[PDB]
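In terms of the entry's author numbering, the sequence shown opens at residue 31 and continues consecutively.
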Amino acid sequence: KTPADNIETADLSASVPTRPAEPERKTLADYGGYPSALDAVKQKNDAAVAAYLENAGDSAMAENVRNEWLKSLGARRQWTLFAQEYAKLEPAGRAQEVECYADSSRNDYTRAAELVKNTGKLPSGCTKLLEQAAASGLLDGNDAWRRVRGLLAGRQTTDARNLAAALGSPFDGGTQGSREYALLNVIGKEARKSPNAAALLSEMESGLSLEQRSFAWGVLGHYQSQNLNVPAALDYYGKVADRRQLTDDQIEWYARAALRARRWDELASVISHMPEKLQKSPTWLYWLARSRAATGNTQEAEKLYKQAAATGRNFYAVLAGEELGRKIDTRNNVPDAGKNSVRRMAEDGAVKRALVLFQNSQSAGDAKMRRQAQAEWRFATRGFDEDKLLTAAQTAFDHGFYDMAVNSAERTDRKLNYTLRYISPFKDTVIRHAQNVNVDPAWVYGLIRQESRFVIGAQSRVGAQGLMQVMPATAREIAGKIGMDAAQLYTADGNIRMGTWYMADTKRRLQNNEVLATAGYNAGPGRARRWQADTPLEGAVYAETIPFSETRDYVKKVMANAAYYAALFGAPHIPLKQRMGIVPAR
Numbered sequence: 031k032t033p034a035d036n037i038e039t040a041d042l043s044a045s046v047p048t049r050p051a052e053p054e055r056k057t058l059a060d061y062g063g064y065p066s067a068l069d070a071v072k073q074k075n076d077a078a079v080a081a082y083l084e085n086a087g088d089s090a091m092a093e094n095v096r097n098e099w100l101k102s103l104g105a106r107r108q109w110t111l112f113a114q115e116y117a118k119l120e121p122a123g124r125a126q127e128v129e130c131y132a133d134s135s136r137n138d139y140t141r142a143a144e145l146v147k148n149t150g151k152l153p154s155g156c157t158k159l160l161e162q163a164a165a166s167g168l169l170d171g172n173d174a175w176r177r178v179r180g181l182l183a184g185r186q187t188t189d190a191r192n193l194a195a196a197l198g199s200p201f202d203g204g205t206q207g208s209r210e211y212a213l214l215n216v217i218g219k220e221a222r223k224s225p226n227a228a229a230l231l232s233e234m235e236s237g238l239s240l241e242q243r244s245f246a247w248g249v250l251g252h253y254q255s256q257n258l259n260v261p262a263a264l265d266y267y268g269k270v271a272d273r274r275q276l277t278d279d280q281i282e283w284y285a286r287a288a289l290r291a292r293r294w295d296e297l298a299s300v301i302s303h304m305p306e307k308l309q310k311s312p313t314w315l316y317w318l319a320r321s322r323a324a325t326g327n328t329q330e331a332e333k334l335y336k337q338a339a340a341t342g343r344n345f346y347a348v349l350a351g352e353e354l355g356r357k358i359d360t361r362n363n364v365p366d367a368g369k370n371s372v373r374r375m376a377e378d379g380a381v382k383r384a385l386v387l388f389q390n391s392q393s394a395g396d397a398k399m400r401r402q403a404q405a406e407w408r409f410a411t412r413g414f415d416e417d418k419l420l421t422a423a424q425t426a427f428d429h430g431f432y433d434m435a436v437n438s439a440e441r442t443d444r445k446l447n448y449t450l451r452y453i454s455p456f457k458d459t460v461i462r463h464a465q466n467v468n469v470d471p472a473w474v475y476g477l478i479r480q481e482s483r484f485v486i487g488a489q490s491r492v493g494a495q496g497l498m499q500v501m502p503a504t505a506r507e508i509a510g511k512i513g514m515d516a517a518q519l520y521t522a523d524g525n526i527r528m529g530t531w532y533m534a535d536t537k538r539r540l541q542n543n544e545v546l547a548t549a550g551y552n553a554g555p556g557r558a559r560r561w562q563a564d565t566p567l568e569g570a571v572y573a574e575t576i577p578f579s580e581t582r583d584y585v586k587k588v589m590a591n592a593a594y595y596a597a598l599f600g601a602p603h604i605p606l607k608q609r610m611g612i613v614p615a616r
């Protein structure tokens, strides 16, 4: 037999790392002293930190302590010890602030030209690198003063004051810096919301430089845009003479206002003034392609859709694919990892160290230890080629380290295993609870993937708990409605029951719309409703124009996830543009 047997071979590489392994006892002994070494850094007990590191294995625990130690040594100008320890880090493992201290200690301001384009808070070592560059005349002036303005508008007044002084124009100097600081009367956190801010600015405008006027109108346009007063935003942003003076968040909020008003030509113009990095983002490739399509620049729209689709597994890549007639396909383009390579990957010393802390975190119920096991896994799989990442993904999955299976599989660019990118454990529980309140299980899996990456004891710093990241205050509300005890939040079954019921309850309170329910699950229903317009909005326009960055990213990632899960589950096909639909007017 038979012509159907004539099937080609396919292979992932069996090559795995063979880094020296240490006994479990050693891993647990080094974890035993890890929190105390971090406390030693905070207490500036350098001899205690050196003692922890002296016989530590080559682990993320060591790398984390050594990076934290170097931030402290750099702050204290202990450069000889700093240089000795900096050289022990792998380059890929060096923290940003530690690189900045290292280069500023050598008077090397190479990194300042890109750092100074940032308009927000940077770590102290990086803030100081820019101050030193400024005082030596090694910064671009246009970019430096843009950063001073950025820091003023972000309530980083000390950092703005320090940078203006390093530029030679201090806030108390009666020159440019004093004029930039005075502009807080318009650009201050609260001042910019004054009903008189635009009037004040129009009155003072003739006394401002082109750059100061352009940035101040940007500040007022950004506040209006993010407050979803689209016509005011467009009025204020239209007064910006040089759009490149804007911060990245200001220019993206100008594009968002033009998008929400369906001003396609204006949106195309703003996208053209953005930094190249923003232009090449999936969001702006996709929305520029939409603008070209709308304005009858048809071939150019197809070109940009192809660019957006090439960006990978994300909301806008999937929507761009659909405009090209291409539906999501979740068939893998690689074989499964071989079992012998899976076994050998687990013998690698850095992979073993992560699996030892994970397994011990499970047996001892130690959530701090599970967080360090994640850090070990990231350190161990850093720099792996795609075949090794797919092999390590399967290794993690077999051991039940579900988040790390997804972390390794999603790190590839070309070789795609959708079953490890979009894992779906717990179907004997999640599908039942979703069916019981009539909600789409692909949508519930997509939410879980984003909320907890399938970690059953996940806990955000605000206290959101478990697989579905429900807040304790919400669990107590839900418990009072559906006859549960609030502490059921902390069990996987109760957490799935509460989260799925709360998706359905939130959807019922938000015009039964899944985009609004996904926003309201994260931000509350009051906010999701406030963000509706008095006209209908295309779902992707509502999503992109959500004022809170955390919820805007959340809604897109949950919905893209759901589209992948729906294809894996074999549900009748729903295009992502259909899943986003139309958000109703309020």
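Each residue gets a CB set at the ideal place from its N, CA and C atoms; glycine is no exception.
When burial is assigned at 16 or more other CB atoms within 10 Å of the CB, is residue i buried or exposed?
i: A367; result: buried
i: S166; result: exposed
i: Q73; result: exposed
i: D417; result: buried
i: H463; result: buried
i: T581; result: buried
i: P33; result: exposed
i: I37; result: exposed
i: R243; result: buried
When DSSP labels each residue in this structure, what does residue i get in the three-state scheme?
i: residue 617; result: This structure leaves residue 617 out entirely; the chain is present only between 31 and 616.
i: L567; result: strand
i: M514; result: coil
i: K147; result: coil
i: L103; result: helix
i: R141; result: coil
i: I526; result: helix
i: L231; result: helix
i: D265; result: helix
i: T341; result: coil
i: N226; result: coil
i: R286; result: helix
i: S438; result: helix
i: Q275; result: helix
i: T48; result: coil
i: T548; result: helix
i: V79; result: helix
Per DSSP, which residues does residue i bridge with? Please list them.
i: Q495; result: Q489, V500
i: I612; result: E568
In whole angstroms, what is the alpha-carbon distance linking residue i and residue j?
i: residue 617; j: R286; result: This structure cannot settle anything about residue 617, because the visible part of the chain is limited to 31 through 616.
i: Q275; j: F245; result: 6 Å
i: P200; j: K118; result: 39 Å
i: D133; j: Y116; result: 11 Å
i: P614; j: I358; result: 27 Å
i: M434; j: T39; result: 29 Å
i: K445; j: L159; result: 40 Å
i: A573; j: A196; result: 41 Å
i: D35; j: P365; result: 17 Å
i: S239; j: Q206; result: 10 Å
i: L68; j: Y532; result: 39 Å
i: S154; j: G611; result: 45 Å
i: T504; j: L42; result: 46 Å
i: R106; j: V71; result: 12 Å
i: residue 627; j: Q404; result: Because the chain spans 31 through 616 in this model, residue 627 falls outside it and cannot be assessed.
i: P471; j: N344; result: 19 Å
i: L169; j: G413; result: 33 Å
i: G203; j: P65; result: 46 Å
i: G556; j: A59; result: 49 Å
i: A488; j: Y595; result: 21 Å
i: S490; j: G326; result: 46 Å
i: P305; j: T149; result: 13 Å
How is the alpha helix (DSSP H) around residue i delimited, first residue to last?
i: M304; result: First-last for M304: undefined, no H or E at that position.
i: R451; result: 448-451
i: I358; result: Counting along the chain, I358 falls outside any alpha helix (DSSP H), and DSSP gives it neither H nor E.
i: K382; result: 379-394
i: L250; result: 240-256
i: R179; result: 171-183
i: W407; result: 397-411
i: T57; result: 54-62
i: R322; result: 312-324
i: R209; result: 206-212
Confirm the yes/no value for this check: CB of residue i, any heavy atom of the ligand ZN, distance under 8 Å.
i: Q489; result: Although the ligand ZN was asked about, the structure shown includes no ligands whatsoever.
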